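Participant: What follows is query-v9.pdb; its format and atoms are PDB, C-alpha atoms.
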```
ATOM      1  CA  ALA L   2      66.231  99.448 104.841  1.00  0.00           C
ATOM      2  CA  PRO L   3      66.421 103.095 103.622  1.00  0.00           C
ATOM      3  CA  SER L   4      68.676 103.974 106.569  1.00  0.00           C
ATOM      4  CA  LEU L   5      71.197 101.345 105.458  1.00  0.00           C
ATOM      5  CA  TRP L   6      71.215 102.780 101.929  1.00  0.00           C
ATOM      6  CA  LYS L   7      71.686 106.314 103.274  1.00  0.00           C
ATOM      7  CA  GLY L   8      74.598 105.162 105.425  1.00  0.00           C
ATOM      8  CA  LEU L   9      76.163 103.353 102.476  1.00  0.00           C
ATOM      9  CA  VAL L  10      75.839 106.500 100.341  1.00  0.00           C
ATOM     10  CA  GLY L  11      77.477 108.557 103.081  1.00  0.00           C
ATOM     11  CA  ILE L  12      80.337 106.078 103.442  1.00  0.00           C
ATOM     12  CA  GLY L  13      80.875 106.086  99.682  1.00  0.00           C
ATOM     13  CA  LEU L  14      80.949 109.884  99.616  1.00  0.00           C
ATOM     14  CA  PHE L  15      83.475 109.922 102.468  1.00  0.00           C
ATOM     15  CA  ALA L  16      85.655 107.406 100.614  1.00  0.00           C
ATOM     16  CA  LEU L  17      85.459 109.561  97.479  1.00  0.00           C
ATOM     17  CA  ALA L  18      86.538 112.606  99.502  1.00  0.00           C
ATOM     18  CA  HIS L  19      89.455 110.664 101.000  1.00  0.00           C
ATOM     19  CA  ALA L  20      90.545 109.556  97.522  1.00  0.00           C
ATOM     20  CA  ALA L  21      90.332 113.193  96.416  1.00  0.00           C
ATOM     21  CA  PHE L  22      92.583 114.215  99.314  1.00  0.00           C
ATOM     22  CA  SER L  23      95.067 111.471  98.406  1.00  0.00           C
ATOM     23  CA  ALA L  24      95.136 112.641  94.780  1.00  0.00           C
ATOM     24  CA  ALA L  25      95.650 116.235  95.935  1.00  0.00           C
ATOM     25  CA  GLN L  26      98.606 115.155  98.079  1.00  0.00           C
ATOM     26  CA  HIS L  27     100.016 113.213  95.119  1.00  0.00           C
ATOM     27  CA  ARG L  28      99.790 116.299  92.898  1.00  0.00           C
ATOM     28  CA  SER L  29     101.356 118.458  95.621  1.00  0.00           C
ATOM     29  CA  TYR L  30     104.295 116.045  95.739  1.00  0.00           C
ATOM     30  CA  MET L  31     104.466 116.005  91.926  1.00  0.00           C
ATOM     31  CA  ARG L  32     104.810 119.794  91.857  1.00  0.00           C
ATOM     32  CA  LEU L  33     107.888 119.397  94.083  1.00  0.00           C
ATOM     33  CA  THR L  34     109.915 117.155  91.772  1.00  0.00           C
ATOM     34  CA  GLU L  35     111.124 118.340  88.364  1.00  0.00           C
ATOM     35  CA  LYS L  36     109.913 116.396  85.299  1.00  0.00           C
ATOM     36  CA  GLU L  37     108.876 112.829  86.344  1.00  0.00           C
ATOM     37  CA  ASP L  38     105.681 113.070  84.287  1.00  0.00           C
ATOM     38  CA  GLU L  39     103.907 110.101  85.860  1.00  0.00           C
ATOM     39  CA  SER L  40     100.240 109.389  86.493  1.00  0.00           C
ATOM     40  CA  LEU L  41      98.546 108.813  89.834  1.00  0.00           C
ATOM     41  CA  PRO L  42      98.740 105.228  91.147  1.00  0.00           C
ATOM     42  CA  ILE L  43      96.055 102.823  89.984  1.00  0.00           C
ATOM     43  CA  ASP L  44      95.049 101.625  93.465  1.00  0.00           C
ATOM     44  CA  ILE L  45      93.537 104.975  94.472  1.00  0.00           C
ATOM     45  CA  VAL L  46      91.936 105.226  91.014  1.00  0.00           C
ATOM     46  CA  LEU L  47      90.261 101.852  91.595  1.00  0.00           C
ATOM     47  CA  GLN L  48      89.142 102.921  95.080  1.00  0.00           C
ATOM     48  CA  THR L  49      87.563 106.129  93.768  1.00  0.00           C
ATOM     49  CA  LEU L  50      85.809 104.156  91.021  1.00  0.00           C
ATOM     50  CA  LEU L  51      84.499 101.753  93.671  1.00  0.00           C
ATOM     51  CA  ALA L  52      83.188 104.759  95.616  1.00  0.00           C
ATOM     52  CA  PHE L  53      81.667 106.093  92.367  1.00  0.00           C
ATOM     53  CA  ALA L  54      79.782 102.840  91.744  1.00  0.00           C
ATOM     54  CA  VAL L  55      78.689 102.296  95.361  1.00  0.00           C
ATOM     55  CA  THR L  56      77.119 105.749  95.817  1.00  0.00           C
ATOM     56  CA  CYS L  57      75.562 105.430  92.340  1.00  0.00           C
ATOM     57  CA  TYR L  58      73.626 102.361  93.541  1.00  0.00           C
ATOM     58  CA  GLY L  59      71.895 103.783  96.619  1.00  0.00           C
ATOM     59  CA  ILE L  60      71.057 107.091  94.940  1.00  0.00           C
ATOM     60  CA  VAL L  61      68.667 105.122  92.719  1.00  0.00           C
ATOM     61  CA  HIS L  62      67.144 103.159  95.619  1.00  0.00           C
ATOM     62  CA  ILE L  63      66.536 106.162  97.892  1.00  0.00           C
ATOM     63  CA  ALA L  64      63.944 107.822  95.628  1.00  0.00           C
ATOM     64  CA  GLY L  65      61.877 104.988  94.228  1.00  0.00           C
ATOM     65  CA  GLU L  66      58.139 105.604  93.965  1.00  0.00           C
ATOM     66  CA  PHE L  67      57.086 104.121  90.595  1.00  0.00           C
ATOM     67  CA  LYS L  68      53.357 104.517  91.080  1.00  0.00           C
ATOM     68  CA  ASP L  69      50.963 102.612  88.831  1.00  0.00           C
ATOM     69  CA  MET L  70      49.779 104.279  85.628  1.00  0.00           C
ATOM     70  CA  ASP L  71      46.227 102.961  85.996  1.00  0.00           C
ATOM     71  CA  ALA L  72      44.029 105.011  88.323  1.00  0.00           C
ATOM     72  CA  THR L  73      41.341 102.317  88.602  1.00  0.00           C
ATOM     73  CA  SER L  74      43.539 100.350  91.014  1.00  0.00           C
ATOM     74  CA  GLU L  75      43.757 103.298  93.421  1.00  0.00           C
ATOM     75  CA  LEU L  76      39.955 103.553  93.749  1.00  0.00           C
ATOM     76  CA  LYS L  77      39.772  99.745  93.824  1.00  0.00           C
ATOM     77  CA  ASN L  78      39.869  98.854  97.538  1.00  0.00           C
ATOM     78  CA  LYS L  79      37.769 101.920  98.405  1.00  0.00           C
ATOM     79  CA  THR L  80      34.128 101.078  99.113  1.00  0.00           C
ATOM     80  CA  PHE L  81      30.970 103.076  98.458  1.00  0.00           C
ATOM     81  CA  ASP L  82      30.266 103.146 102.209  1.00  0.00           C
ATOM     82  CA  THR L  83      32.903 105.823 102.818  1.00  0.00           C
ATOM     83  CA  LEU L  84      32.069 107.662  99.586  1.00  0.00           C
ATOM     84  CA  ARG L  85      28.396 108.000 100.577  1.00  0.00           C
ATOM     85  CA  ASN L  86      29.208 110.431 103.394  1.00  0.00           C
ATOM     86  CA  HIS L  87      30.611 113.847 102.487  1.00  0.00           C
ATOM     87  CA  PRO L  88      32.509 116.426 104.578  1.00  0.00           C
ATOM     88  CA  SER L  89      30.400 119.260 103.162  1.00  0.00           C
ATOM     89  CA  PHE L  90      26.835 118.410 104.223  1.00  0.00           C
ATOM     90  CA  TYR L  91      26.875 117.143 107.817  1.00  0.00           C
ATOM     91  CA  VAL L  92      23.705 116.927 109.927  1.00  0.00           C
ATOM     92  CA  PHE L  93      24.273 116.702 113.689  1.00  0.00           C
ATOM     93  CA  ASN L  94      21.036 114.852 114.511  1.00  0.00           C
ATOM     94  CA  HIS L  95      21.732 111.265 115.593  1.00  0.00           C
ATOM     95  CA  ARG L  96      20.750 108.893 118.387  1.00  0.00           C
ATOM     96  CA  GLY L  97      24.377 108.393 119.425  1.00  0.00           C
ATOM     97  CA  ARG L  98      24.554 112.071 120.372  1.00  0.00           C
ATOM     98  CA  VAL L  99      21.861 111.659 123.035  1.00  0.00           C
ATOM     99  CA  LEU L 100      23.256 108.222 123.917  1.00  0.00           C
ATOM    100  CA  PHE L 101      26.691 109.748 124.620  1.00  0.00           C
ATOM    101  CA  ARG L 102      25.232 112.852 126.287  1.00  0.00           C
ATOM    102  CA  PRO L 103      25.828 111.818 129.928  1.00  0.00           C
ATOM    103  CA  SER L 104      29.389 110.314 130.123  1.00  0.00           C
TER     104      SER L 104
ATOM    105  CA  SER V 448     135.864 143.926  97.707  1.00  0.00           C
ATOM    106  CA  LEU V 449     132.286 143.780  96.370  1.00  0.00           C
ATOM    107  CA  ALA V 450     132.583 146.708  93.935  1.00  0.00           C
ATOM    108  CA  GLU V 451     134.211 145.059  90.911  1.00  0.00           C
ATOM    109  CA  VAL V 452     132.112 141.997  90.028  1.00  0.00           C
ATOM    110  CA  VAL V 453     133.202 139.752  87.157  1.00  0.00           C
ATOM    111  CA  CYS V 454     130.748 136.836  87.176  1.00  0.00           C
ATOM    112  CA  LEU V 455     127.546 136.256  89.146  1.00  0.00           C
ATOM    113  CA  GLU V 456     124.955 133.513  89.523  1.00  0.00           C
ATOM    114  CA  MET V 457     121.928 132.420  91.561  1.00  0.00           C
ATOM    115  CA  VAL V 458     121.025 129.006  93.010  1.00  0.00           C
ATOM    116  CA  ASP V 459     117.980 127.720  94.892  1.00  0.00           C
ATOM    117  CA  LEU V 460     117.526 126.275  98.392  1.00  0.00           C
ATOM    118  CA  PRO V 461     117.800 122.505  98.973  1.00  0.00           C
ATOM    119  CA  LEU V 462     114.322 121.570 100.258  1.00  0.00           C
ATOM    120  CA  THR V 463     111.785 121.928 103.062  1.00  0.00           C
ATOM    121  CA  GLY V 464     111.432 119.436 105.900  1.00  0.00           C
ATOM    122  CA  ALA V 465     107.762 118.585 105.400  1.00  0.00           C
ATOM    123  CA  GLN V 466     108.133 118.641 101.610  1.00  0.00           C
ATOM    124  CA  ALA V 467     111.183 116.367 101.809  1.00  0.00           C
ATOM    125  CA  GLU V 468     109.270 114.053 104.149  1.00  0.00           C
ATOM    126  CA  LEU V 469     106.410 113.819 101.646  1.00  0.00           C
ATOM    127  CA  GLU V 470     108.859 113.186  98.795  1.00  0.00           C
ATOM    128  CA  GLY V 471     110.533 110.389 100.742  1.00  0.00           C
ATOM    129  CA  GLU V 472     107.194 108.877 101.752  1.00  0.00           C
ATOM    130  CA  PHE V 473     105.979 108.739  98.146  1.00  0.00           C
ATOM    131  CA  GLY V 474     109.153 107.041  96.874  1.00  0.00           C
ATOM    132  CA  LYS V 475     108.207 103.495  95.864  1.00  0.00           C
ATOM    133  CA  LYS V 476     110.326 101.119  93.784  1.00  0.00           C
ATOM    134  CA  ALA V 477     108.352  97.846  93.615  1.00  0.00           C
ATOM    135  CA  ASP V 478     105.380  97.110  95.877  1.00  0.00           C
ATOM    136  CA  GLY V 479     101.910  95.592  95.841  1.00  0.00           C
ATOM    137  CA  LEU V 480      98.470  97.089  96.374  1.00  0.00           C
ATOM    138  CA  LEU V 481      98.524  96.220 100.082  1.00  0.00           C
ATOM    139  CA  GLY V 482     101.830  98.039 100.553  1.00  0.00           C
ATOM    140  CA  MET V 483     100.579 101.231  98.918  1.00  0.00           C
ATOM    141  CA  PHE V 484      97.377 101.079 100.966  1.00  0.00           C
ATOM    142  CA  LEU V 485      99.420 100.710 104.163  1.00  0.00           C
ATOM    143  CA  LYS V 486     101.691 103.593 103.138  1.00  0.00           C
ATOM    144  CA  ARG V 487      98.632 105.757 102.444  1.00  0.00           C
ATOM    145  CA  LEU V 488      97.196 104.867 105.854  1.00  0.00           C
ATOM    146  CA  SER V 489     100.495 105.739 107.551  1.00  0.00           C
ATOM    147  CA  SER V 490     100.657 109.071 105.717  1.00  0.00           C
ATOM    148  CA  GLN V 491      97.058 109.826 106.710  1.00  0.00           C
ATOM    149  CA  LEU V 492      97.838 109.028 110.355  1.00  0.00           C
ATOM    150  CA  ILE V 493     100.886 111.315 110.250  1.00  0.00           C
ATOM    151  CA  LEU V 494      98.759 114.089 108.739  1.00  0.00           C
ATOM    152  CA  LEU V 495      96.131 113.613 111.457  1.00  0.00           C
ATOM    153  CA  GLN V 496      98.803 113.825 114.165  1.00  0.00           C
ATOM    154  CA  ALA V 497     100.188 117.014 112.615  1.00  0.00           C
TER     155      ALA V 497
END
```
Would you mind writing the structure in this file as structure tokens?
Facilitator:
Amino acid sequence: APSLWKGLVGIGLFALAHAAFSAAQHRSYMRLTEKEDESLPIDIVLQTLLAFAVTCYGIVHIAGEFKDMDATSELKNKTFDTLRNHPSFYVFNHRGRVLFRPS
Amino acid sequence: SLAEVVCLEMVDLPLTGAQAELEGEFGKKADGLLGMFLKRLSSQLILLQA
């Protein structure tokens, strides 16, 4: 799922860049002709707004963690069996050691 | 015959080929959204070829 969102964001960014290039070409043509104070066509403006909204949707979905405020639910499935043993004090005197000695 | 000058003026050049081509390509009288999109695609293809 995240890969699809990343691809959609990339496609939206590419569409935005293409709309930018089209607007730049429009302004370059406008500089050619005297007067004719007209705005850029509305179709490209709608396309760039569509690219603005599409990339704005996946940018929220990419980084969603929203971890729970309560910390009692994170030590909830953990049992006391694993907590009893500690990495610090570790005695290497067990029957399994001499059981596994020969293979 | 270029010593005594009475009146003088300056004029500009007509146009440039690529600039004139762009000006002609942009010229639209009455068209729909599909037509402008097709014209934009054609212009992009021409730019890619260039």
Participant: Report as CSV the residues of chain L within 8 Å of chain V, each with its shortest atom pair and distance in Å (one decimal), using only C-alpha atoms, ordered by chain and increasing residue number.
Facilitator:
```
residue,atom,partner,partner_atom,distance
L:23,CA,V:487,CA,7.9
L:30,CA,V:470,CA,6.2
L:33,CA,V:466,CA,7.6
L:44,CA,V:480,CA,6.4
```
Participant: Between atom CA of residue V:475 and atom CA of residue L:43, what distance in Å does the model show, to one decimal?
Facilitator: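 Atom CA of residue V:475 sits 13.5 Å away from atom CA of residue L:43.
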Participant: By how many Å are atom CA of residue L:52 and atom CA of residue L:16 apart?
Facilitator: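 Taking atom CA of residue L:52 and atom CA of residue L:16, their separation equals 6.2 Å.
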Participant: List the residues matched by the PyMOL selection byres ((chain L and resi 48) around 12) in the displayed structure as a list in words, ordered by chain and then by residue number.
Facilitator: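 Listing what the PyMOL selection byres ((chain L and resi 48) around 12) selects in the shown file: residues 13, 14, 15, 16, 17, 18, 19, 20, 21, 23, 24, 42, 43, 44, 45, 46, 47, 49, 50, 51, 52, 53, 54 and 55 of chain L; 480 and 484 of chain V.
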Participant: Please measure the separation of atom CA of residue L:56 and atom CA of residue L:10, giving the value in Å to one decimal.
Facilitator: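 Straight-line distance from atom CA of residue L:56 to atom CA of residue L:10 works out to 4.8 Å.
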Participant: Excluding same-chain residues fewer than 6 positions from residue L:60, what lies within 10 Å of it counting all atoms listed in the file, as a ChimeraX atom specification?
Facilitator: /L:6-7,9-10
Participant: Would you list the residues near (66.9, 108.1, 99.3), meaning any protein, DNA or RNA residue with an atom at most 9 Å from that point in file coordinates, counting all atoms listed in the file, as a list in words?
Facilitator: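 Those residues, ordered by chain and then number, are residues 3, 4, 6, 7, 59, 60, 61, 62, 63, 64 and 65 of chain L.
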